[PDB]
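Engineer:
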Amino acid sequence: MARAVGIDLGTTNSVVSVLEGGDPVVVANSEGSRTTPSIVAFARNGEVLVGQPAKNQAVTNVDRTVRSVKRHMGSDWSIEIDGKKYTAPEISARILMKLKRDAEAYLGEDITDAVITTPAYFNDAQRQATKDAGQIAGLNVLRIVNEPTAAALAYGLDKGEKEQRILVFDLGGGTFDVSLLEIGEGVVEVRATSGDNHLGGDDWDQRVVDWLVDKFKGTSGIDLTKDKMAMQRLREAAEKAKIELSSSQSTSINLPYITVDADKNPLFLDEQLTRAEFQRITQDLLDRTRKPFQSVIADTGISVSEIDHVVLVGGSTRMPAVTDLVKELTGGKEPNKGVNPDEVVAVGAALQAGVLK
Numbered sequence: 002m003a004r005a006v007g008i009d010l011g012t013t014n015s016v017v018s019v020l021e022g023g024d025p026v027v028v029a030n031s032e033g034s035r036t037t038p039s040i041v042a043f044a045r046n047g048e049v050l051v052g053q054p055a056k057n058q059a060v061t062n063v064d065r066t067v068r069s070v071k072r073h074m075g076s077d078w079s080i081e082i083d084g085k086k087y088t089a090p091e092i093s094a095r096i097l098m099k100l101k102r103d104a105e106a107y108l109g110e111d112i113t114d115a116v117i118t119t120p121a122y123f124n125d126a127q128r129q130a131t132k133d134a135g136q137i138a139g140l141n142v143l144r145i146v147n148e149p150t151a152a153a154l155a156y157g158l159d160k161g162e163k164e165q166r167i168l169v170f171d172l173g174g175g176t177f178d179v180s181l182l183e184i185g186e187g188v189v190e191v192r193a194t195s196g197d198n199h200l201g202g203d204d205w206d207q208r209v210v211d212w213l214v215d216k217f218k219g220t221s222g223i224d225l226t227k228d229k230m231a232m233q234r235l236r237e238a239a240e241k242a243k244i245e246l247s248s249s250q251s252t253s254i255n256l257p258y259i260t261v262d263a264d265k266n267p268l269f270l271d272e273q274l275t276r277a278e279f280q281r282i283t284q285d286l287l288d289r290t291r292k293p294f295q296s297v298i299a300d301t302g303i304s305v306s307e308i309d310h311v312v313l314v315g316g317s318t319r320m321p322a323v324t325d326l327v328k329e330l331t332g333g334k335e336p337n338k339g340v341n342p343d344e345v346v347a348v349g350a351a352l353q354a355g356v357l358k
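Residue numbers (the numbering used here): 2 to 358.
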C-alpha cells in the first residue's frame, strides 16, 4: 500500500513513475512513449486531446490548445472553451488525468494516491493549485516535492555523512532551473535557486529550425514560416536533429517537397547540420546559462569544489555541448548518469511517494 506514482508534472513534458517492489519504473503512455507532452487541446467537436495528438493539432488548433499551462498555476488564469472556463488547475488536471489513465492501464490497477513535483520556486499558492489539479484528476496528492528534491531522490542520494551539497541543473523544454540543495537524513532542502524561465530545448530546436529555414530560403528564396505544415515537420526534424547530435557529429535533414515556389520546382530540403555548426548556432543560448549557475553558487557562498554531487535533468542535458559546459561549470565534477534526465524527477517522486507512506 505504501507504493504510489510520482509525477513529474512538467512545463512542456510530464512523466509518471511507479515503485514496483521499491524499484521506480517509468510508466509508458498509451501513445508509446514514457514522456507525455504537457499539452491539453480541445478539438472542434468537443474532444479532449492530451499529450502528442494535442501537440500534433496545436498549430492548427491554437484557438483551443493550451500549452505550458503550468506557467499560470498560481493565478486565476482560465481559458474559455465552448462554454466552460478551464482554470490552470483544471487544465493541468487533464494532464494528470491522462497520465493517471495510462498508469492505470500500465499497472492494471487504480492508483489514487500520488506525489507530484513542482519547481522549487513555486510558492504555496502554486503548490495548492497543483493539489487542486490532483484532486480534480481523482488523485489524492500525498505531498508535493520540489523537482530538485526529487531529482536528488532519484539517484538515491543518501550520503553516508548525511549532509550533502547537490547541484541540480534543470534544462527542460521551455524552462531553466538551477538549484543548490542540502541533504539531511533523506530530506533534500533548497538553499538557492536561479535560472531562466524562457530558456530551454524549445529554443535550441528553434534555432535549428531557423537555420533550416534560412538555408532553404537561401537556396529557394521561400519563407517556410508562412506554411504551418512546413513548420511542424521542420520542428520534428529539428528535434530529431538535436537528438542525433547528442552523440553524432553530424545529422541529415530530409524534408522533400516541402512547399510551393514560383516555378513549381521540386523543393527538397536536404541539409547537413554538424555538431560544430549546431554549437555555433546554439551557444548563443548555452551561454545564457552560465550567469544563473553562478548566481546560485554566489548566493550560497559555496564553491564548485564543495559540491558533492551534480544532477542533470531535462533531456536537453543529454547534449555534449551542455555536458562539457557543466564540466567547466563544476570544475570537472562529474554529473551522475544512469537515470534518463527527463524521467529523473518522476523517479524521485515515486520514491518519495513510497518513503512518505
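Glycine included, each C-beta is placed from N, C-alpha and C at the ideal position.
Give me whichever residues DSSP pairs with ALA42 in a beta bridge.
Structural biologist: Its beta-bridge partners are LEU50 and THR66.
Engineer: If you draw a straight line from the alpha carbon of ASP211 to that of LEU274, how long is it in whole angstroms?
Structural biologist: Rounded to the nearest angstrom, the two C-alpha atoms are 12 Å apart.
Engineer: Taking only three categories from DSSP, how would you classify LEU256?
Structural biologist: Assignment of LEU256 by DSSP, reduced to helix, strand and coil, places it in the strand class.
Engineer: Thinking C-beta only, is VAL116 closer than 7 Å to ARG144?
Structural biologist: yes
Engineer: Can you give the beta carbon distance from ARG95 to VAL41, rounded, assuming they're within the 8 Å contact cut?
Structural biologist: 4 Å
Engineer: Would you say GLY332 and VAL305 are within 7 Å of each other, going by their C-beta atoms?
Structural biologist: yes
Engineer: Which partner residues of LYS101 appear in the DSSP bridge assignment?
Structural biologist: For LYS101, which the question treats as bridged, DSSP gives no partner whatsoever.
Engineer: By the three-class DSSP mapping on this structure, what secondary structure does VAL179 have?
Structural biologist: strand
Engineer: Assuming contact is defined by CB atoms lying nearer than 7 Å, are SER317 and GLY202 in contact in what I supplied?
Structural biologist: yes
Engineer: CB-CB under 7 Å to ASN46, same chain, minus the five flanking residues each way: which ones, in chain order?
Structural biologist: The beta carbon of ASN46 sits closer than 7 Å to no other beta carbon from its chain once the five residues preceding and following it are set aside.
Engineer: Within 10 angstroms of the Cβ of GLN284, are there 16 or more other Cβ atoms? Answer buried if so, exposed if not.
Structural biologist: Answer is exposed; the Cβ neighbour count stays below 16.
Engineer: Measure the C-alpha to C-alpha separation of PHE217 and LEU270 and round it to an integer number of angstroms.
Structural biologist: 6 Å
Engineer: Leaving out five residues before and five after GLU186 in sequence, what residues of the same chain have Cβ atoms less than 7 Å from its Cβ?
Structural biologist: The answer, listed in chain order, is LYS163.
Engineer: Please report how far the alpha carbon of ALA239 lies from the alpha carbon of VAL261, in whole angstroms.
Structural biologist: 21 Å
Engineer: Compute the beta-carbon to beta-carbon distance between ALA193 and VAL314, rounded to the nearest angstrom, for a pair I have assumed lies under 8 Å.
Structural biologist: Not quite, the Cβ-Cβ distance comes to about 17 Å (not below 8 Å), so this is no contact.
Engineer: Can you tell me which of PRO90, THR66 and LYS292 puts its alpha carbon nearest to the alpha carbon of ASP83?
Structural biologist: Nearest C-alpha to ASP83 among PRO90, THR66 and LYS292: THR66.
Engineer: Examine the Cβ distances between the region 125 to 136 and the region 177 to 184 and report whether three or more of them are shorter than 8 Å.
Structural biologist: The region 125 to 136, when compared against the region 177 to 184, does not touch it at the 8 Å Cβ threshold.
Engineer: Rounded to whole angstroms, how far is the Cβ of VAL19 from the Cβ of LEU108, which I believe are closer than 8 Å?
Structural biologist: 6 Å
Engineer: Which one of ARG319, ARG35, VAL188 and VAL214 has the shortest CA to CA distance from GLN353?
Structural biologist: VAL188
Engineer: Return the residue from the list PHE177, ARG208 and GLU190 that minimises the CA-CA distance to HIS199.
Structural biologist: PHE177
Engineer: Going by other Cβ atoms of all chains shown within 10 Å of its Cβ, with 16 needed for buried, is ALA263 buried or exposed?
Structural biologist: exposed
Engineer: For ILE259, which option in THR252, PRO267 and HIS310 has the closest C-alpha, if you only look at C-alpha atoms?
Structural biologist: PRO267
Engineer: Looking at the structure shown, is residue 1 part of a helix, part of a strand, or coil, going by DSSP?
Structural biologist: Past the edges of the chain, shown from 2 to 358, lies residue 1, and the structure says nothing about it.
Engineer: Taking the alpha carbon of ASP204 as the reference point, which residue from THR290, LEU330 and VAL348 has its own alpha carbon closest?
Structural biologist: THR290
Engineer: Can you tell me whether DSSP reads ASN57 as helix, strand or coil?
Structural biologist: helix
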